[PDB]
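Data first, discussion second: the structure below is written as structure tokens.
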Amino acid sequence: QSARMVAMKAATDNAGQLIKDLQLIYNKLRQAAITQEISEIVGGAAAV
Amino acid sequence: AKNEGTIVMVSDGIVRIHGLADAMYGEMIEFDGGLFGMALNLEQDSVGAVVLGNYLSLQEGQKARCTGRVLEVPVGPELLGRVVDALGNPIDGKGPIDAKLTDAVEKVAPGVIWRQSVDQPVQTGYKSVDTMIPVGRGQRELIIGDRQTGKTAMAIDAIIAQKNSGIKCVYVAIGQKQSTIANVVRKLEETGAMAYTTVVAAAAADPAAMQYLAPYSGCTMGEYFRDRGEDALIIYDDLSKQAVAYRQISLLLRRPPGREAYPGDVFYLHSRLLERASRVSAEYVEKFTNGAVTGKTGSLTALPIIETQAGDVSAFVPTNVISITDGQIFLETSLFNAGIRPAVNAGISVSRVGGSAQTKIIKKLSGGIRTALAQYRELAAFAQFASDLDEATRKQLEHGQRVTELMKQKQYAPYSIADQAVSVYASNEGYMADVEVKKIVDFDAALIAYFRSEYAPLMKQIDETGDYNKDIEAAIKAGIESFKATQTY
Amino acid sequence: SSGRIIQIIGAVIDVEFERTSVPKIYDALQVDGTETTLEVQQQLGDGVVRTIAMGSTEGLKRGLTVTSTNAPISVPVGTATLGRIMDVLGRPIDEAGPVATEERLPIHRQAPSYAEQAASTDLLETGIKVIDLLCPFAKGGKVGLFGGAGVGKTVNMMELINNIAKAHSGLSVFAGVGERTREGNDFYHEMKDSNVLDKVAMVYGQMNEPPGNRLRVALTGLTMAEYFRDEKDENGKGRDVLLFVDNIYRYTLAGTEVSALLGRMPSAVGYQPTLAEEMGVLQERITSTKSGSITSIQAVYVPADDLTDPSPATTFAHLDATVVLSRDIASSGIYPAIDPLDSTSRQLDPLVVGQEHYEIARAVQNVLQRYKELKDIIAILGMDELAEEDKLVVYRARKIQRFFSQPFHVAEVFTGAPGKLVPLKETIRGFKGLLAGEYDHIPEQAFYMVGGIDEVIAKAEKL
Amino acid sequence: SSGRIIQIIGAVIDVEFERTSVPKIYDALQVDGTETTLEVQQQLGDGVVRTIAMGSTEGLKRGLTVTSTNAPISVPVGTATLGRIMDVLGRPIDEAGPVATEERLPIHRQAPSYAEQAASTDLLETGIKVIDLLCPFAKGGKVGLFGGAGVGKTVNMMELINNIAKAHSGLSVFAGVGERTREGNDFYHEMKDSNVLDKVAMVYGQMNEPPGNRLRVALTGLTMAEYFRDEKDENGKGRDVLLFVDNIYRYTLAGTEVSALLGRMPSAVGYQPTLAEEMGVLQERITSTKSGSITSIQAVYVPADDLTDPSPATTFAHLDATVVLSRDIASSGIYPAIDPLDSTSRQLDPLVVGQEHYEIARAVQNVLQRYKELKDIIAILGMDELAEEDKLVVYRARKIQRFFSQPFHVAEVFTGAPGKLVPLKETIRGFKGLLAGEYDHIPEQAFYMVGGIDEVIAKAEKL
Ligand SMILES: Nc1ncnc2c1ncn2[C@@H]1O[C@H](COP(=O)(O)OP(=O)(O)OP(=O)(O)O)[C@@H](O)[C@H]1O
Ligand SMILES: Nc1ncnc2c1ncn2[C@@H]1O[C@H](COP(=O)(O)OP(=O)(O)O)[C@@H](O)[C@H]1O
Ligand SMILES: [Mg+2]
Ligand SMILES: [Mg+2]
């Protein structure tokens with residue numbers, strides 16, 4: 001039993017690190033998507 | 001005059017033309033110097049045209065005239081085993097083609113009253129596609145995947161394995177550099193599969209209009225046999241290149257953009273092309289030929305191709321194509337790199353037509369492998385942890401591994417109905433439970449080779465008839481038992 | 001009096017008329033010398049109107065003449081359009097002769113007012129057990145079918161219209177546009193196969209046709225359903241009319257395809273400015289009036305496989321029931337395979353359906369969800385756990401899953417035209433008995449391919 | 001015949017003309033006032049031509065005058081250019097006197113016909129472990145290197161030049177487009193000291209020039225190689241040719257820079273509407289027809305370090321062999337940074353290379369894919385949980401990833417270690433032994449920057 005506690009606590013810490021990295025990637029992708037949509041809308045509205 | 005016009009603007013293959021009052025839509029126009037142009041926009045005071053050719057020798061003030069005849073291509077049975085440009089001009093230099101029928105390129109599909117269901121198969125020579133995702137005559141099936149994942153190899157194998165079937169094949173190449181077209185044509189010639197086929201080529205150096213119009217001309221050439229009671233099969237190397245060419249030729253025409261800069265009429269572009277693949281009824285055949293042909297039905301199957309960017313199947317174009325086609329075959333990079341070739345994803349690939357298309361023995365035998373593969377998809381996550389499970393899951397995982405390892409086959413080696421039948425029967429009846437996970441391919445090859453050599457009279461009966469009966473079951477069992485011993489792999 | 005085309009781009013055509021005579025919005029014009037009809041979409045001043053083409057473009061050139069009918073596109077309706085196939089404008093395409101009727105109705109009408117709504121929510125009885133238990137249908141509701149991964153949509157609709165054909169007086173309409181053509185052929189031949197092709201009307205729209213034809217199609221199906229509902233017997237009870245629409249996604253896509261060229265800016269992820277309005281104009285006419293009731297069944301495809309896209313976002317705000325079926329369990333052998341847990345309704349309220357029905361449906365849903373979370377693969381040890389605590393849950397889940405199976409008349413294989421429209425009570429009482437546990441002795445395989453709780457009792461007692 | 005400048009914006013100048021003498025497309029014009037050569041890119045009616053200026057645009061006003069040469073940009077060809085340095089227009093820039101030849105060829109011509117293509121089958125061996133093992137090359141083909149800034153593309157191009165051109169009998173053409181100048185001078189002097197200058201022609205257009213000069217500088221090297229291919233010895237056989245393009249990405253980036261000023265609508269991520277056609281009209285002329293064989297090597301730049309960008313996505317299908325450079329492996333200190341996955345060649349099949357070669361390559365790729373897939377559970381959970389076979393796969397993948405590293409001849413300065421060369425059979429033997437399992441006990445720290453299986457044994461003993 002004494003091993004399982006440290007095993008799961010290390011697993012939780014690693015999960016925290018991974019979620020932080022994924023959050024960074026998510027923010028970058030979201031900003032890129034918003035920029036692309038706005039650019040497309042403005043370009044289309046210029047055409048009409 | 002009402003038929004003579006001048007050129008006002010020339011830019012990047014698009015010509016803005018004055019005059020030409022009685023100019024119809026899509027009607028060929030004749031530039032000086034033997035150049036043919038289309039008409040795609042008719043504004044209040046100027047006409048937009050695209051020049052199919054080399055526009056580099058057109059200037060301002062060069063005259064043009066209206067012909068009054070829509071795009072037409074030469075059709076006939078002379079085009080078999082030949083390589084032509086989008087408009088039907090031979091380019092292999094083997095002499096002129098004299099087919100004696102000219103046909104329009106833009107026509108409508110048959111009505112709903114004239115169509116019929118799909119009851120006959122179309123073999124591809126691949127165990128996975130032939131047992132899991134069957135294709136029948138008249139069906140439209142889409143191959144979708146990522147760069148360098150075996151997408152064309154499958155289509156070329158499909159063309160190669162219709163040697164005895166008696167169905168014509170048509171191949172359309174869009175955007176490919178001419179070296180690959182030459183290589184493909186040479187490979188078709190080597191195996192004797194070129195006698196029944198025609199090739200339409202619009203390479204990367206060719207204008208955007210050629211790559212825009214190639215698939216329609218291919219379909220018009222393929223309809224000739226369907227409307228007369230013989231079958232046909234058309235393959236488009238990559239409608240993605242065609243969509244991009246349409247985007248270029250439209251954006252140059254000042255048409256409003258949209259999602260990903262693709263203008264409107266993008267869904268129409270692929271729908272009106274993929275709707276023409278259907279099976280007609282014998283009454284339609286009889287009426288078209290005025291009684292020359294009786295008691296026969298025509299067909300035209302399609303297998304178009306579309307590529308994805310790192311698995312983004314949710315882009316603008318793949319979703320449209322996925323919504324139109326009956327079935328979808330997915331090729332995965334993480335499967336191709338793992339050695340599983342052809343890399344077919346079983347859990348995302350479906351076919352709507354289903355068992356009706358397959359023969360009796362195939363329809364009877366595919367079920368066991370289907371259910372085994374389906375179950376093996378579920379226990380996948382618990383694969384790094386074999387020790388923590390009951391024996392039932394162990395046996396299921398083993399069987400799933402064996403089945404997924406039998407579905408691996410080499411290129412340019414089509415199997416015959418009897419080969420698939422024997423292999424599937426050997427798998428289902430638990431005759432490969434004693435062999436390790438490796439050497440499965442060797443066992444398959446050795447069994448197939450032995451069965452062709454010693455039980456050839458049966459093999460012929462299975463090939464010609466495709467029936468299932470107790471005698472056939474007994475003979476297959478006896479042969480497999482004989483080979484299981486007294487032989488090496 | 002007469003006008004002349006001045007600009008042709010795609011299917012969008014600008015025509016110009018004298019200063020006084022300008023056709024109103026949605027009026028239909030005839031182009032002499034061709035089969036083309038023009039529908040007005042916008043006015044642009046100086047006597048110029050944008051129009052879409054009803055028919056196909058047979059080489060129209062600048063300067064062609066056009067006269068005005070001064071009335072919207074009116075479809076001929078009546079009792080003489082029963083068992084025929086007609087195009088968007090009402091011409092037959094089955095080569096069985098012209099339609100001999102005189103009653104014509106415009107396809108552009110306003111929705112029923114506030115004071116004309118029904119004064120109750122009765123539920124339409126159906127022979128399908130699952131749709132009648134865990135997702136009750138509404139006699140005026142507009143249900144939608146998002147079930148994918150299966151061609152059974154046509155087969156399911158065939159069973160439904162056929163049981164309805166017996167259950168409902170008749171006069172049903174099928175407005176299929178932008179559909180799989182061989183599926184439409186299978187529809188037509190199936191209806192002729194069961195000798196029920198009479199009393200039904202069909203309107204088909206081909207994908208190759210210009211957006212003008214691929215549009216204003218459901219409108220025609222809607223107009224035909226209405227002439228029937230308002231019909232009244234000497235008694236005066238109108239008819240419960242049904243309507244089918246194979247694809248609405250194609251309707252929205254045609255709108256999107258023509259919007260840009262009509263002078264309208266892009267919005268959202270690229271859709272047209274007027275999405276909610278264009279869908280509401282259709283969805284607000286499918287209502288249960290005081291006299292008569294129209295119900296609708298529409299197959300809706302979700303692009304990109306998400307429920308966030310604007311088109312399904314505007315679609316989900318109009319429905320009353322959502323039915324999703326998947327091959328994952330259809331593979332087991334249950335022919336009427338519809339995902340029980342996924343299905344949802346705005347009529348499963350305790351008061352409208354009865355307290356007993358509400359509680360029994362909730363209990364069944366809870367049992368199914370419990371079995372789903374406690375899979376025998378979710379628990380690697382498999383069986384031998386929670387004896388009668390979760391084991392009995394597993395057995396009951398198996399029994400209910402098999403009892404979902406229902407033999408049908410259309411499937412002539414292994415079945416002598418059963419056509420079982422099981423009484424709603426019988427299903428409720430059988431499920432009550434199963435929940436109470438009085439069937440724990442019945443063999444599980446006896447519960448498959450069962451017509452009714454009595455039927456299953458006989459099947460168990462024989463062996 | 002004399003025109004007046006009308007508008008100057010950036011590098012784009014639009015110029016009027018008389019009505020009957022407008023110059024055609026791609027012709028060249030000369031400004032009388034200063035040294036400038038303009039190239040026609042499009043016609044705009046009313047006898048107005050849009051043009052791109054080749055050179056500086058400072059000091060050019062409106063109302064300047066221009067004459068027309070009525071012929072495209074012609075460059076001198078022949079053997080006179082051997083061992084000389086030339087501008088984009090052919091002017092020498094080595095301060096070694098004029099070039100003595102009247103043979104001029106235009107730089108705008110059509111691509112070879114389909115009928116005269118040729119099949120390339122003879123193999124070519126570089127000496128680099130990973131290229132000669134997983135992505136094999138063949139004489140007369142096409143090769144490409146894809147990477148992002150700072151990963152190793154040039155140091156590999158120069159190494160290939162060292163291992164191939166120096167030891168090959170035949171001419172060579174080197175064109176530099178959109179790259180650093182210091183590298184150009186270093187290359188010129190390095191070739192001079194080795195007394196192999198007289199076999200190489202050179203063209204240089206670098207990042208310091210207006211986009212007009214950076215846009216049409218690859219075509220000049222192309223024309224020179226084209227003449228060197230079709231030329232035949234009198235009563236004698238022809239010779240091989242080689243072509244090196246330093247960066248072809250700048251060729252498209254120049255068009256992207258000047259696209260909007262030409263009046264074209266934007267598309268995708270700010271790219272010009274006509275991209276692939278623009279890439280093809282150049283990438284098709286690099287061909288080995290029935291007359292001669294051209295072996296070209298190009299380096300392709302990956303913007304923002306993603307391969308999904310349209311520019312490196314369109315170009316993937318124009319090459320026979322593709323080698324993809326990875327920044328993660330570079331940051332790991334592994335050199336050269338070539339990704340074993342995502343690197344393919346059209347000459348890896350059992351017939352062309354044999355059986356053992358194919359089996360070795362396939363097993364290597366399989367092992368590396370297995371490890372890459374396994375990485376995630378290691379990331380979350382740890383190492384002890386995996387099966388022992390998976391631990392063995394992990395160790396083998398690490399050793400394989402290291403063994404692909406190799407010191408270079410032109411990279412002694414960076415690291416202070418001498419260059420190395422490995423025969424192909426030694427690569428095959430080493431990888432077969434590694435996958436066999438006989439080198440498991442050898443520490444994985446001995447597989448770094450050493451060439452050949454034996455040197456590894458010696459290094460392992462040295463530790
Ligand atoms: N069944 C197979 N077994 C082994 N190798 C295969 C198999 N199928 C294809 N390959 C290999 O994969 C490559 C084929 O790639 P493919 O033809 O799909 O290229 P692509 O770029 O995706 O297609 P396109 O023709 O549209 O440009 C070749 O290297 C071929 O040897
Ligand atoms: N094989 C190698 N060994 C050691 N260093 C290298 C190697 N390849 C590249 N480098 C280093 O990486 C840096 C970037 O590589 P280089 O090719 O010069 O630029 P880029 O990657 O932008 O083309 C250089 O400064 C060089 O010293
Ligand atoms: Mg291909
Ligand atoms: Mg760099």
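How things are named: the first chain in the structure tokens is A, the next is B, and so on; residues count from 1 in each chain; ligands count from 1 in the order shown.
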task = Just list the residues in region 230-391 of chain C DSSP gives strand (DSSP E) on the backbone, as a ChimeraX atom specification.
result = /C:240-245,293-299,321-323,344-345
_Show me, as a PyMOL selection string, the residues of chain A whose atoms get within 7 Å of chain D, using only C-alpha atoms for the distance check._
chain A and resi 11+14-15
Would you mind exporting the chosen residues as a PDB file, in the first residue's frame, restricted to N, CA, C and O atoms?
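Generated output (again-v9.pdb):
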ATOM      1  N   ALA A  11       1.480  10.410 -10.424  1.00  0.00           N
ATOM      2  CA  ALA A  11       0.605  10.418 -11.591  1.00  0.00           C
ATOM      3  C   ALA A  11      -0.212  11.702 -11.656  1.00  0.00           C
ATOM      4  O   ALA A  11      -0.371  12.293 -12.731  1.00  0.00           O
ATOM      5  N   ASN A  14       2.066  14.582 -12.789  1.00  0.00           N
ATOM      6  CA  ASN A  14       2.327  14.499 -14.221  1.00  0.00           C
ATOM      7  C   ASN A  14       1.106  14.925 -15.023  1.00  0.00           C
ATOM      8  O   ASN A  14       1.231  15.592 -16.057  1.00  0.00           O
ATOM      9  N   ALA A  15      -0.086  14.547 -14.558  1.00  0.00           N
ATOM     10  CA  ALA A  15      -1.307  14.976 -15.227  1.00  0.00           C
ATOM     11  C   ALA A  15      -1.447  16.491 -15.194  1.00  0.00           C
ATOM     12  O   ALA A  15      -1.887  17.103 -16.174  1.00  0.00           O
TER      13      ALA A  15
END
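With chain C held fixed and chain D fitted to it over all Cα atoms, the RMSD is 3.2 Å.
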Spatial neighbours of residue 305 (chain B), 12 Å, only C-alpha atoms, chain gap at least 6 places, as a short mmCIF file (atom, residue, chain, number, x, y, z; two decimals) with C-alpha atoms, in the first residue's frame:
data_model
loop_
_atom_site.label_atom_id
_atom_site.label_comp_id
_atom_site.auth_asym_id
_atom_site.auth_seq_id
_atom_site.Cartn_x
_atom_site.Cartn_y
_atom_site.Cartn_z
CA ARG B 140 -20.19 5.41 -55.60
CA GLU B 141 -17.41 4.68 -53.03
CA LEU B 142 -14.78 7.25 -51.85
CA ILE B 143 -11.13 6.62 -50.96
CA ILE B 144 -9.92 9.23 -48.46
CA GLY B 145 -6.57 9.47 -46.66
CA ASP B 146 -3.22 11.31 -46.28
CA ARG B 147 -0.17 11.83 -48.55
CA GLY B 150 -1.34 3.80 -50.70
CA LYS B 151 -4.40 5.69 -52.06
CA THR B 152 -3.60 5.14 -55.80
CA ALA B 153 -2.21 1.60 -55.46
CA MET B 154 -5.70 0.42 -54.50
CA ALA B 155 -7.33 2.08 -57.52
CA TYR B 171 -8.62 6.50 -65.44
CA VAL B 172 -8.39 10.27 -64.92
CA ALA B 173 -5.19 11.96 -63.73
CA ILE B 174 -5.37 15.49 -62.32
CA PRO B 215 -13.48 14.38 -64.66
CA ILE B 234 -14.26 5.31 -63.76
CA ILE B 235 -11.53 6.46 -61.37
CA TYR B 236 -10.60 10.08 -60.55
CA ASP B 237 -6.95 10.40 -59.36
CA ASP B 238 -7.69 13.42 -57.12
CA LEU B 239 -10.82 15.69 -57.19
CA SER B 240 -8.96 17.78 -54.47
CA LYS B 241 -6.58 19.11 -57.18
CA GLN B 242 -9.77 19.76 -59.17
CA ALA B 243 -11.40 21.72 -56.34
CA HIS B 270 -18.86 17.48 -56.91
CA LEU B 274 -20.85 12.02 -58.53
CA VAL B 317 -14.28 19.65 -49.11
CA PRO B 318 -13.99 16.21 -47.44
CA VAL B 321 -17.73 14.54 -50.52
CA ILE B 322 -18.40 12.34 -47.47
CA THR B 325 -20.82 9.16 -51.44
CA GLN B 328 -15.93 5.75 -47.29
CA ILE B 329 -12.56 3.96 -47.10
CA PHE B 330 -10.10 5.58 -44.69
CA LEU B 331 -6.33 5.12 -44.89
#
Nearby residues, ligand 4, 12 Å, only C-alpha atoms and all ligand atoms, as a ChimeraX atom specification:
/D:145-157,178-180,183,246-250,299-305,325,327
Output file for the residues above (N, CA, C and O atoms, as a CSV table (one decimal), in the first residue's frame):
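The file below, selection.csv, is the result:
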chain,number,residue,atom,x,y,z
D,145,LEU,N,14.7,18.6,-49.7
D,145,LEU,CA,14.9,18.7,-48.3
D,145,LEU,C,14.0,19.7,-47.6
D,145,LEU,O,13.9,20.8,-48.1
D,146,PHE,N,13.2,19.2,-46.7
D,146,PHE,CA,12.2,20.1,-46.0
D,146,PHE,C,12.6,20.3,-44.6
D,146,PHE,O,12.8,19.3,-43.8
D,147,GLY,N,12.6,21.5,-44.1
D,147,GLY,CA,13.0,21.8,-42.7
D,147,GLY,C,12.6,23.3,-42.4
D,147,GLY,O,12.1,24.0,-43.3
D,148,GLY,N,12.7,23.6,-41.1
D,148,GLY,CA,12.4,25.0,-40.7
D,148,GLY,C,13.7,25.7,-40.3
D,148,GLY,O,14.7,25.1,-40.3
D,149,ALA,N,13.6,27.0,-40.0
D,149,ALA,CA,14.9,27.8,-39.8
D,149,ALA,C,15.8,27.1,-38.8
D,149,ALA,O,15.2,26.7,-37.8
D,150,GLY,N,17.1,27.1,-39.0
D,150,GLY,CA,18.0,26.6,-38.0
D,150,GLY,C,18.1,25.1,-37.8
D,150,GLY,O,18.5,24.7,-36.7
D,151,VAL,N,17.7,24.2,-38.8
D,151,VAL,CA,17.7,22.8,-38.5
D,151,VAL,C,18.8,22.0,-39.2
D,151,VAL,O,19.0,20.9,-38.7
D,152,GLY,N,19.5,22.5,-40.2
D,152,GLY,CA,20.5,21.7,-40.9
D,152,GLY,C,20.3,21.5,-42.4
D,152,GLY,O,21.0,20.6,-42.9
D,153,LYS,N,19.5,22.3,-43.1
D,153,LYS,CA,19.3,22.0,-44.5
D,153,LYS,C,20.6,22.3,-45.3
D,153,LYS,O,21.0,21.4,-46.0
D,154,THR,N,21.2,23.4,-45.2
D,154,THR,CA,22.4,23.8,-46.0
D,154,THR,C,23.5,22.9,-45.7
D,154,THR,O,24.1,22.3,-46.6
D,155,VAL,N,23.8,22.6,-44.4
D,155,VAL,CA,25.0,21.8,-44.1
D,155,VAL,C,24.9,20.5,-44.7
D,155,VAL,O,25.9,19.9,-45.0
D,156,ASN,N,23.7,20.0,-45.0
D,156,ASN,CA,23.5,18.7,-45.7
D,156,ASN,C,23.6,18.9,-47.2
D,156,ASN,O,24.1,18.0,-47.9
D,157,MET,N,23.1,20.0,-47.8
D,157,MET,CA,23.3,20.2,-49.2
D,157,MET,C,24.7,20.3,-49.6
D,157,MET,O,25.2,19.7,-50.6
D,178,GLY,N,17.1,33.7,-52.8
D,178,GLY,CA,16.6,34.1,-51.4
D,178,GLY,C,17.4,33.5,-50.2
D,178,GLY,O,16.8,33.1,-49.2
D,179,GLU,N,18.8,33.6,-50.3
D,179,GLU,CA,19.6,33.1,-49.2
D,179,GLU,C,20.7,34.0,-48.8
D,179,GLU,O,20.8,35.1,-49.4
D,180,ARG,N,21.5,33.7,-47.8
D,180,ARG,CA,22.6,34.6,-47.3
D,180,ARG,C,23.7,34.8,-48.3
D,180,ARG,O,23.9,33.9,-49.1
D,183,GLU,N,27.4,33.0,-47.4
D,183,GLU,CA,27.5,31.6,-47.9
D,183,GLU,C,27.9,31.5,-49.3
D,183,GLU,O,28.7,30.7,-49.7
D,246,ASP,N,19.2,26.6,-54.0
D,246,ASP,CA,19.5,26.8,-52.5
D,246,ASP,C,18.2,26.9,-51.7
D,246,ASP,O,18.0,26.3,-50.7
D,247,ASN,N,17.2,27.7,-52.3
D,247,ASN,CA,15.9,27.8,-51.6
D,247,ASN,C,14.9,28.2,-52.6
D,247,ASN,O,14.9,29.3,-53.2
D,248,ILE,N,13.9,27.2,-52.9
D,248,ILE,CA,12.9,27.5,-53.8
D,248,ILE,C,11.7,28.1,-53.2
D,248,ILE,O,10.8,28.6,-53.9
D,249,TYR,N,11.6,28.2,-51.9
D,249,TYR,CA,10.5,28.8,-51.2
D,249,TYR,C,10.4,30.3,-51.5
D,249,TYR,O,9.3,30.9,-51.7
D,250,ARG,N,11.6,30.9,-51.6
D,250,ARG,CA,11.6,32.4,-51.9
D,250,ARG,C,11.0,32.7,-53.2
D,250,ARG,O,10.5,33.8,-53.4
D,299,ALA,N,16.3,22.5,-51.7
D,299,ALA,CA,16.0,22.6,-50.3
D,299,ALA,C,14.8,23.5,-50.2
D,299,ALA,O,14.7,24.6,-50.8
D,300,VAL,N,13.8,23.0,-49.4
D,300,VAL,CA,12.5,23.6,-49.3
D,300,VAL,C,12.3,24.1,-47.9
D,300,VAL,O,12.5,23.3,-46.9
D,301,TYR,N,11.9,25.3,-47.7
D,301,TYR,CA,11.7,25.9,-46.4
D,301,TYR,C,10.3,25.8,-45.9
D,301,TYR,O,9.3,26.0,-46.7
D,302,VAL,N,10.1,25.5,-44.6
D,302,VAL,CA,8.8,25.2,-44.0
D,302,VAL,C,8.4,26.4,-43.1
D,302,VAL,O,9.0,26.5,-42.0
D,303,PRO,N,7.5,27.2,-43.6
D,303,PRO,CA,7.2,28.4,-42.7
D,303,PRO,C,6.5,28.0,-41.4
D,303,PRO,O,5.8,27.0,-41.4
D,304,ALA,N,6.9,28.7,-40.4
D,304,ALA,CA,6.3,28.6,-39.0
D,304,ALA,C,6.4,27.2,-38.5
D,304,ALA,O,5.8,26.9,-37.5
D,305,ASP,N,7.2,26.3,-39.1
D,305,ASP,CA,7.5,25.0,-38.6
D,305,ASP,C,6.3,24.1,-38.6
D,305,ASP,O,6.0,23.4,-37.6
D,325,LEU,N,13.3,17.3,-42.2
D,325,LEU,CA,14.2,17.6,-41.1
D,325,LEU,C,13.3,18.0,-39.9
D,325,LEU,O,12.3,18.8,-40.1
D,327,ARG,N,13.0,19.6,-35.9
D,327,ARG,CA,13.7,20.5,-35.0
D,327,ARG,C,13.9,19.8,-33.6
D,327,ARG,O,14.8,20.1,-32.9
**Report entry** Filtered DSSP result for region 296-396 of chain C, state alpha helix (DSSP H), as an MDAnalysis selection string
**Finding:** chainID C and resid 310:315 327:330 350:353 355:373 391:396
So that I have them on file, write out the residues from the current selection with C-alpha atoms, as a PDB file, in the first residue's frame.
ATOM      1  CA  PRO C 310     -24.774  26.910 -36.889  1.00  0.00           C
ATOM      2  CA  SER C 311     -27.090  24.866 -39.129  1.00  0.00           C
ATOM      3  CA  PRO C 312     -27.848  22.127 -36.548  1.00  0.00           C
ATOM      4  CA  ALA C 313     -27.803  24.901 -33.937  1.00  0.00           C
ATOM      5  CA  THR C 314     -30.766  26.554 -35.650  1.00  0.00           C
ATOM      6  CA  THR C 315     -32.336  23.154 -36.355  1.00  0.00           C
ATOM      7  CA  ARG C 327     -24.900   0.270 -36.096  1.00  0.00           C
ATOM      8  CA  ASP C 328     -23.007  -0.485 -32.866  1.00  0.00           C
ATOM      9  CA  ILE C 329     -26.024  -2.329 -31.456  1.00  0.00           C
ATOM     10  CA  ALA C 330     -27.833  -2.830 -34.785  1.00  0.00           C
ATOM     11  CA  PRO C 350     -45.089  13.088 -16.136  1.00  0.00           C
ATOM     12  CA  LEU C 351     -48.493  14.804 -16.562  1.00  0.00           C
ATOM     13  CA  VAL C 352     -49.044  14.320 -20.362  1.00  0.00           C
ATOM     14  CA  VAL C 353     -47.912  10.660 -20.433  1.00  0.00           C
ATOM     15  CA  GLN C 355     -47.192   9.110 -13.841  1.00  0.00           C
ATOM     16  CA  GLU C 356     -46.813   5.355 -14.330  1.00  0.00           C
ATOM     17  CA  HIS C 357     -45.422   5.721 -17.855  1.00  0.00           C
ATOM     18  CA  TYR C 358     -43.007   8.420 -16.697  1.00  0.00           C
ATOM     19  CA  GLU C 359     -41.672   6.410 -13.767  1.00  0.00           C
ATOM     20  CA  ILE C 360     -41.339   3.169 -15.737  1.00  0.00           C
ATOM     21  CA  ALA C 361     -39.476   4.932 -18.553  1.00  0.00           C
ATOM     22  CA  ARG C 362     -37.151   6.560 -16.022  1.00  0.00           C
ATOM     23  CA  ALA C 363     -36.523   3.193 -14.363  1.00  0.00           C
ATOM     24  CA  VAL C 364     -35.699   1.544 -17.695  1.00  0.00           C
ATOM     25  CA  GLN C 365     -33.356   4.394 -18.621  1.00  0.00           C
ATOM     26  CA  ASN C 366     -31.589   4.080 -15.263  1.00  0.00           C
ATOM     27  CA  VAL C 367     -31.180   0.316 -15.671  1.00  0.00           C
ATOM     28  CA  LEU C 368     -29.727   0.755 -19.156  1.00  0.00           C
ATOM     29  CA  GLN C 369     -27.317   3.468 -18.000  1.00  0.00           C
ATOM     30  CA  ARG C 370     -26.220   1.360 -15.024  1.00  0.00           C
ATOM     31  CA  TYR C 371     -25.454  -1.568 -17.312  1.00  0.00           C
ATOM     32  CA  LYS C 372     -23.588   0.734 -19.705  1.00  0.00           C
ATOM     33  CA  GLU C 373     -21.337   2.082 -16.962  1.00  0.00           C
ATOM     34  CA  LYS C 391     -25.964  -9.146 -12.086  1.00  0.00           C
ATOM     35  CA  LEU C 392     -29.752  -8.865 -12.243  1.00  0.00           C
ATOM     36  CA  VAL C 393     -29.141  -5.468 -13.857  1.00  0.00           C
ATOM     37  CA  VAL C 394     -27.090  -7.200 -16.562  1.00  0.00           C
ATOM     38  CA  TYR C 395     -29.757  -9.842 -17.171  1.00  0.00           C
ATOM     39  CA  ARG C 396     -32.546  -7.258 -17.319  1.00  0.00           C
TER      40      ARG C 396
END
Skip residue 342 (chain D) itself and residues of its chain fewer than 4 positions away, then list as JSON, numbers by chain all residues within 9 Å of it, counting only C-alpha atoms. {"B": [337], "D": [322, 323, 324]}
Inset, instruction - Find the residues near residue 46 (chain B): any atom within 8 Å, counting only C-alpha atoms, skip ones fewer than 6 places away on the same chain, and give them as a ChimeraX atom specification. - result: /B:16-19
Can you write just those residues out, C-alpha atoms, as a compact mmCIF listing (two decimals), in the first residue's frame?
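Everything below was put into part.txt:
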# COMPACT_ATOMS: atom_id res chain seq x y z
CA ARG B 16 -12.37 39.61 -70.72
CA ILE B 17 -14.00 39.90 -74.15
CA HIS B 18 -16.09 42.72 -75.60
CA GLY B 19 -18.94 42.17 -78.12
